[PDB]
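What follows is each chain in one-letter form.
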Amino acid sequence: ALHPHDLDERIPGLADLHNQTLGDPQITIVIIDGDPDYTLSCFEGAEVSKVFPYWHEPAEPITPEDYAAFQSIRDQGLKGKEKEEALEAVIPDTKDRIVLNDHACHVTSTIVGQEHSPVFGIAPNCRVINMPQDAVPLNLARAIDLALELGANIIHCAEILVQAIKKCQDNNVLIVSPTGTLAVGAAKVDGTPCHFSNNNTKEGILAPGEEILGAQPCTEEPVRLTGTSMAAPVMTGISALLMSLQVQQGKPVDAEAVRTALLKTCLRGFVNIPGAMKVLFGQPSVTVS
């Protein structure tokens, strides 16, 4: 393991893939989520930039104090109604945007956090564009059309929408989305599916979604979170690494090859980097077909 990663032990083949690539700046990931905090050191040296949807009215920046309030409530481990009442007591008007922006920090750090920082992401060397949505199907469709125009190889999300999704597929662009295109479910620390983890089966893959380490706004201290939307960025990173390797070998980026290699090798099952590598760059067994 030339680049030890938190998930090496939970993801067979990750260390070996990291040994070959940490990503390529010709691979662009567009993240449709909240507004992440680019002052965090995990983004120091990351190829990150923000493109705000121009059709949104800009929202007021959220204070560090508001984030600290949210983070204190999380750190306390407040749960159902207790958590709701506490958020309402202190950040009633900003809690919803904070959830989204907090999620954006975490997801983005999982994908692109720099090695040796508090968050080492799956693909620290890929180009990442955040397209923040916190200022707000139609809107998502508009975001996807913009992401395409921005040069996305991968669009990470969360009738007009159905067509926008098809346009991605028709144009060699991978869509990654959590179950609640590559659908991603969440595995427990031991590889089995989390109970909350939600066509999901047909075109979906399981990945670690429990106790994933990532960044939170306004502080250098990382936090471990659990959910299918914690597992999706892991697959976005893996997918970007596999695309990076296509570029490394002089070959063209092929998003559908990456997607099918991952699915062919619990939904469709747990991510199998070694099997997918064999399909993409080796000599796969006919039995995989």
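Residues numbered from 1 in each chain as written, not as in the entry; some residues may be left out. Heavy atoms only, no water.

The record lists X-ray crystallography as the method behind this PDB entry and 2.0000 Å as its resolution.

1. Concerning the sheet that holds strand β3 (residues 127-132)
Read across the sheet, 7 strands follow the order β2-β3-β1-β4-β5-β6-β7 without closing on themselves; strand pairing throughout is parallel. Because the sheet does not close on itself, it has two edges, and the strands there are β2 (47-50) and β7 (204-208). The average angle at which neighbouring strand axes cross in this sheet is 25°, direction not considered. Most of the contacts of helix α7 (residues 228-248) go to strand β6 (residues 182-187), to which it runs at about 125°, and overall it touches β1 (28-33), β4 (154-157), β5 (174-178), β6 and β7. (Pairing = 2+ DSSP bridges. Helix = DSSP H or I, 4+ residues; strand = E, 2+ residues; numbered from the N terminus. Axes fitted to C-alpha atoms, helices over the stretch in contact; angles between N-to-C directions. Contact = heavy atoms within 4.5 Å.)

2. So, empty space enclosed by the protein
Within this model, the second largest cavity holds a volume of roughly 30 Å³. Lining the second largest cavity are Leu-40, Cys-42, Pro-118, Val-119, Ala-215, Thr-219, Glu-220, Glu-221 and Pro-222. Partitioned by chemical class, the residues of the lining of the second largest cavity number 6 nonpolar, 1 polar and 2 charged. (1 Å grid on protein atoms, 1.4 Å probe; cavity = no way out; pocket = protein on both sides within 12 Å on 5 of 7 lines; lining within 4 Å. Points joined across faces, edges and corners; volume = space filled by probe spheres on them. Nonpolar A, V, L, I, M, F, W, Y, C, P; charged D, E, K, R; others polar.)

3. Brief notes about the state of the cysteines
Taken as a whole, this structure holds 0 disulfides when the rule is applied. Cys-42 forms no disulfide, and the closest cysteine sulfur to it belongs to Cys-105, at a distance of 8.0 Å. With no disulfide of its own, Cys-105 lies 7.7 Å from the sulfur of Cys-218, the closest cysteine sulfur. (Disulfide = S-S within 2.5 Å.)

4. Describing the pairing of β6
Every regular strand shows the same layout, with side chains that alternate between the two sheet faces. Of all 6 residues in β6, 6 are buried, a share of seventy percent or more. Neither face of β6 is exposed, since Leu-182, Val-184 and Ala-186 on one face and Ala-183, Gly-185 and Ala-187 on the opposite face are all buried. Examined bridge by bridge, β5 and β6 share 3 bridges and lie parallel to one another. Each residue of the ladder has a partner; that of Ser-177, found in β6, is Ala-183. Relative to β7, β6 runs parallel, the two being bridged by 5 bridges. Residue pairing across strands places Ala-186 opposite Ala-207, the latter belonging to β7. (Buried < 20%, exposed > 50% of the residue type's maximum accessible area, 1.4 Å probe, protein only.)

5. A few points about the pattern of salt bridges
Within this structure, the stated rule accounts for 8 salt bridges. The closest approach of N and O atoms between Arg-224 and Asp-6, which form a salt bridge, is 2.8 Å. Exposure remark for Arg-224: the relative accessible area of 33% places this residue in the partly exposed category. Here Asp-170 ties to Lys-166 by a salt bridge, and the two come within 2.6 Å at their closest N and O atoms. Residue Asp-170 and its partner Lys-166 are both found in helix α6 (residues 160-170); the two are separated by 4 residues, about one turn of the helix. Three or more residues joined by partner-sharing salt bridges are found here, namely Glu-203, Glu-256 and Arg-259. (Salt bridge = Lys/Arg side-chain N within 4 Å of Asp/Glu carboxyl O.)

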